[PDB]
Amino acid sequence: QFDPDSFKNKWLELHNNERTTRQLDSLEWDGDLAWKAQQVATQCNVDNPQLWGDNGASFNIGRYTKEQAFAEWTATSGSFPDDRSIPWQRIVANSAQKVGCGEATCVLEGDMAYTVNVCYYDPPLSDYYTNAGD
């Protein structure tokens, strides 16, 4: 029960609204990332996911609906440029060109299931100066 076309659209809109406000170039969807995202998402592990590749940690992860998950990431803007803002940094980085997101439905024993959301970014986040470079 899944509409891929609308799924890409919603995620792109969330990301690109945030960036458009801030005079940034929009991100384009990349399926490879979206696939990677799903791989991570499927594990049902927010804290300790098993990752692979050079850009393996270049991603955001969050619980519940898309809007809620995205907001929890952008909510960290407050403390930029410290490490707590890294989530928001991924979204807003000037160097960033591509995103791909993926989900999975995970359970709490004898409780309502919840969604796990993951988005991957390319190129990966670097140092403070590089991220704002064009």
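Sequential numbering from 1, following the sequence displayed.
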Ranked by mean Cα B-factor in the entry, 47-55 and 81-89, top stretch is 47-55
The stretch carrying the higher mean Cα B factor in the deposited entry, 101-109 or 60-68, is 101-109
Residue 76: CA temperature factor from the record, placed by chain third, in the lowest
On the chain's distribution of Cα B-factors, residue 114 falls within the third called highest
